[PDB]
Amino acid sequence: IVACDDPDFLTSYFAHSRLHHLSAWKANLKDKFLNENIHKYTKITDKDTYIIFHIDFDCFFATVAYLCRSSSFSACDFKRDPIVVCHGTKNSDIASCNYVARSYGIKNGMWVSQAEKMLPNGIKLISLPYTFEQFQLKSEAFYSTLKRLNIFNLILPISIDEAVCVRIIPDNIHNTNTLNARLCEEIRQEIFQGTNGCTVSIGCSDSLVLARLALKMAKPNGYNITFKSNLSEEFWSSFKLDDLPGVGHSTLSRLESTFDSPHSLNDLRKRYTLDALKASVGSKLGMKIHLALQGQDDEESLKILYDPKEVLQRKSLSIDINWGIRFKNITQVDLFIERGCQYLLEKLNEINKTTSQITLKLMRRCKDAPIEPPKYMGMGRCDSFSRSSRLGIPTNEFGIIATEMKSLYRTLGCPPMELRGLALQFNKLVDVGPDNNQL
C-alpha cells in the first residue's frame, strides 16, 4: 500500500485506475493518428458519399480478462458464468461485465456488492482482475487489423476498443446491403482471428448517430445495417432515451419530466416539439437530439469527418485524483501538488508545448458527510471548487506553475483534512517553434 503522501502514489494509483488507462489510451491513439497522418490528407469532403462502420469490442475488459485469465480461473466459462472485472469485493466498481451477468440485471459501473444481490441463490459471481497490458495488446491487434483490411478511407479512434471507420463510395459504384453485410462479417471474423478470440459488433449506416444506434442494436457479437432510408417505428422503439449520444442521466431526467416519461426513442419522437426540446435540455443539445431523431448528424459531430486532424488535436492537459486523498496538513498538500505539476510538465514536454493558463479544482467533504465514506478511500459526498489563472507569458517552468497552483489552493481555503480530491489543469497550450527570440 502507498498512501497519498508517499512519493509513489501518483504512479501506483494510475497503474491501478482503469479510468486513467482509458483516457491515457485514448490520448495516445489521438497522438498516433496525427503522427501517422502528418502529411497524408485523408479527410472527408462535401464531394464524398460515405458509409460509417462503427466498431466496438463486446464487453471488452471482461472478454480480454477472461481470455488471459490466470490458472485459478481455468475452468471458468465465459458463456455460462456471470463474470465481472473489478479490483475488490465490496464497494468496488464493476468496470465490465459479460452478457451472462447482464442477463441478471448487472450493469457496468455497479459496485460488486450491488451486483451480487441480483444473482439467484447458487449462482456465483466470477470476479476477474484487470489485465491492462493485455487490454492494450488486444487493442493493437484491433487497429492493425482495421488498417490491414484496406477497406476504409478514414479510421477514427474513439477509445482503446472502439473506432469509427469511414468508407467513401464512388458514384460509379452502387453500394448494396449484401456488400455491407459482407464487409461486416469480414471485419468481425478478421478481428476475431487477430485478437485470438475477442468479438466486436458493428453498426453500419450513412450517419454517425445512426451507426452508433445500429451498433447498440447489433450487440452482442453481431452487426446491424440501418440506413436513413431504412428508418422505422420498429427501429426507434428498440432504444431507450439515454441510448442517444449525448443523453446521460441528467439529460434523461429532464427529458422524462418534460415529456411524460417516454420509454423509447419512438415515444419521444412522437411527443416532442423542437422548441420544447430546446427548452427542456438546452438549445444546442436540443437541436442535436432533434436531428438525431431524424437519423441525422449535427454540425458539431460532423467536424471529426471534415477536419479530423483538428478535432483530434489535444487542446488541454490535466490530472484528476479523487480517490485516496487523505492529507493531515498543508505541507503534504503542497508536496502532492508539486508532484502533480512535475507529472504534468513531463507530459507537457513530450508534446513540446507551453501553457498560458492553469486551473486547480478540488473536492471538499460536505459538512454533514462522514469522514470515511462508504467506499474505502473514496471521495464520498463533496462540494467542488475551481479557480484558474492566466500566466501571461506561456511557460513550462516548474517554479512558476507549481507556485501558482499552490497559490490557487490557498485561494480556495479548503482545510487539508477536509480535502478529498484534486485536479490540476493546463487549459491553454502553446506551440514551441524554432524561433524563441523574444525580448
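Residue numbers here begin at 1 and follow the sequence given. Heads up, when I say rigid core I mean the largest set of C-alphas that superpose within 1.5 Å between the two forms.
- Larger root-mean-square CA separation from the shown form, computed after a rigid core fit of the structures in 9 other deposited structures of this protein, is seen for 42 to 50 when 371 to 379 is set against 42 to 50.
- Here the rigid core sets the fit, and in 9 other deposited structures of this protein the C-alphas of 362 to 370 stray farther than those of the other stretch, out of 362 to 370 and 153 to 161.
- Per the PDB record, of the two stretches 62 to 70 and 39 to 47, 39 to 47 carries the greater mean B-factor over its C-alpha atoms.
- On average the C-alpha atoms of 389 to 397 have higher B-factors than those of the other stretch, with 25 to 33 and 389 to 397 being the two compared.
- The PDB entry assigns its highest CA temperature factor, among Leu419, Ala423, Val430, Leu19, to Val430.
- For the set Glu190, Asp161, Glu346, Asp81, the PDB entry assigns the largest Cα B-factor to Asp81.
- Looking at the C-alpha B-factors along this chain, the one for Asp298 belongs to the highest third.
- In the deposited entry, the Cα temperature factor of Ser96 places it in the lowest third of its chain's modelled residues.
- Residue-level temperature factors show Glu338 in the lowest third of its chain, judged at the C-alpha atom.
- Annotation for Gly203: C-alpha temperature factor in the lowest third relative to the rest of the modelled chain, per the entry.
- In the deposited entry, the Cα temperature factor of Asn329 places it in the middle third of its chain's modelled residues.
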